[PDB]
Each structure stands twice: as structure tokens, then as C-alpha cells.
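As a starting point, one isolated chain is supplied in C-alpha cells, in the form deposited in one PDB entry.
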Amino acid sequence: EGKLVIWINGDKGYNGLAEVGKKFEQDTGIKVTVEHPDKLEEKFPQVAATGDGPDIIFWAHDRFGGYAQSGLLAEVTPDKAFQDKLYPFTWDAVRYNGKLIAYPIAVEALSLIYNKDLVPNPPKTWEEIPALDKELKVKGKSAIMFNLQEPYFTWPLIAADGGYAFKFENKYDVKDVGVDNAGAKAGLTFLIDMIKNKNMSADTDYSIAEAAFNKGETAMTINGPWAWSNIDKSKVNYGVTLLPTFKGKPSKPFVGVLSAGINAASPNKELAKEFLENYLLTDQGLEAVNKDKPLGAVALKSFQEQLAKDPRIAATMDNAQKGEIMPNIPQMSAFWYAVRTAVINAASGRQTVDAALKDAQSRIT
């Protein structure tokens, strides 16, 4: 009691958040400690269920319905004046069983990131990437590298031709899952065909793809706004644009709302409200985080007006509008775990595309 402990993922601007915390302490005398534990999103329900953990947890909104279902989150209590400061759809992302259970911070979607000096006119279709890779390979380069270990990054291609997570009835139907339909299989088959053709490697992860793109070894990558800061520091002149189409249809990235939840076991709920409402969710607070690692589009209207001019933010929102907001329902984690296994198994040859996605479908339903 009398201090704030915050958990936020290691790819976000946690040093910039810590600067917001130091301003909070200067004004209130209350120490703010920012940590970025690994697997924090799995650790939180295990320690919050024993009355331990951080006061505030940051994650995309898809994790928070499971937390709320287990009673681990405090209902947030912003007045109507504060609610009108943020975009209504961001509040929708953090509403569960009619109650607001987090503060929305930022809106994230994946984009195509490309090296302007290797591919001045980036490809508009996935289907043209193998021919581009062939020309780059004679120069000792590759067309594209992105994280193949996390299903977040492969989902936009799987969804393009018809894959989906849970069908929404304008409630989600947890038994109507689109992981093993013909569109999902077509997109995962194309990924596997690029791997078989040695346009990509099944073992490429986040670090490998980031290093290759930022050193100028691959012409393109797929990542979110948090990655731009490291590219700014690199020698690479990059642009951010629409994901390629597949079979003429847009890639459909899942849209995540970075959100801050207050632990139901926190003895500091009033302090957490003060910090999130009056320090973080201000133009100056978001700027401090954004200058560390870019947040993407932000939930705070006044600051989003200042970011909307950036072509990288414009591309982020264009991809977001072609994609889908993630469900926040507890079943979303089962979806992600099952799809992760399916993609890794198909990409590594441990299963066929059909057998992998059928098994995921059975697991989820």
C-alpha cells in the first residue's frame, strides 16, 4: 500500500512509462515501479488469484475478459467527462459483461514495413513476393522476414480468404469458429508454400526478423508501431503501408487495444485511477511513452489528432480498418494457443495444413 507497481510487456515503451511514474512521484510522493516480466500475461492470473501481483497490468484487450471472468480486475470508474476524452470504440474493447474493466490506451495493428531503397514500390499482393525474393536472392538479400512463431503475425494472411476466430452476432458464438475453413487453409497453405520454396524459414522469430530488416538484409517485414523506434535508429529508410492482399482480398490483422487494468487485490485503486486518468492519459503522458516506443493510434482524442498526420499512423489505421477488433472473451486465449500450435506444426512439417487446423478447431470448440 502507498505505491504503484505496474506490469507492461517488454516490447512497449516501459522507460517512457517510468518517466510518467517519476512525474507522478514528484507530485504525490508515491513511488511508481514499472516492470516487464516475461509471460506477464500468464503470471498475472496466477498471482492475482492469491491477492498478489501488480497494481496495474498492461496488455492488449484480448486477455482482459478472461481476467474479468475470474474476478481479477477492478471495475474502472471514470466519470462521463473523462469517458468523452477517449474514442467510444476503445471503451467497447474494455467492456465485459456490461462493465468497464480497464482503461484503453492505444490502438495497434500490423502493417507492411518496407525498405524504400530496396523496394521503392512495395508489392501490393502476397502472390508477387516469390518473384521479388528471387531477384533479391541474387543480391544476397530476401524479400520479406517476419515473426513466424507467434500467430498474431501470421493471422492477417490466414484471415484474408475467410479465416476467423469467433463469429459475432450483432455476442460472440463460441462454437462458431473459423480456424479450419477453406479460407484459413488457403492462407496457411500459401505461407507453407513460401517456406517450402525457401522464400521464408520456419524458424524465423521476432529477433531474427527485426535484426535482418534493420540491417538491410531483407526488403520487408511485418510489425506493429512499437517496432518503429528501433528502425528509426537504424540506417534503413523505411515506409509503412498496407499489408499485401491475398487472392485479391485484404490481409486482416487483429486489432489490439493496449489497455491498463487495475488489480482487484490492489490496495491502491484510488492512486491507480489518479495515475491512469490524470497522468498517463494526457497529451504529455502519452507523448513520454510514445517517444520511447510508439503506441500506434491512441485512445485519447486530443493526442490522436496530433499523430493522425503521420503516414505511419495513417497506414496503421488503414490496416486496422481492413482487419477485426479482437474479441475480449475468455475463450480468446484458447484460440491463440491452438492456432500457435497449428501454424508452428504446419510450418515445420509436423502436420499437414489441414490436419493442423482441424486439430486447432477441435481444441477451441
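Note that residue numbering follows the sequence shown and begins at 1.
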Pick one of none, 1 to 3, 4 to 9 or 10 or more for the number of deposited-sequence residues not modelled between residue 170 and residue 171. 1 to 3
Mean C-alpha temperature factor, higher of 56-64 and 38-46: 38-46
On mean Cα temperature factor in this entry, is 183-191 or 75-83 the higher one? 75-83
Most elevated Cα B-factor in the entry, residues 326, 339, 320, 307: 307
Highest-ranked of 253, 225, 98, 256 once sorted by CA temperature factor in the record: 98
In terms of the chain's CA B-factor thirds, is residue 298 lowest, middle or highest? middle
Within-chain third of residue 332 by Cα B-factor, per the entry: lowest
Sorting the chain's modelled residues by C-alpha B-factor, tell me whether residue 354 ends up in the lowest, middle or highest third. lowest
C-alpha B factor of residue 4, ranked within the chain: lowest, middle or highest third? highest
Within this chain's modelled residues, let me know which third the CA B factor of residue 151 belongs to: lowest, middle or highest. lowest
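The same protein also has a form deposited in another entry, omitted here; what follows describes it.
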Closer or farther: C-alpha pair residue 88/residue 295 in that other deposited form, relative to this form, given a change of 3 Å or more: farther
Checking the C-alpha spacing of residue 84 and residue 267, a student should find that in that other deposited form it changes by 3 angstroms or more, with the atoms farther
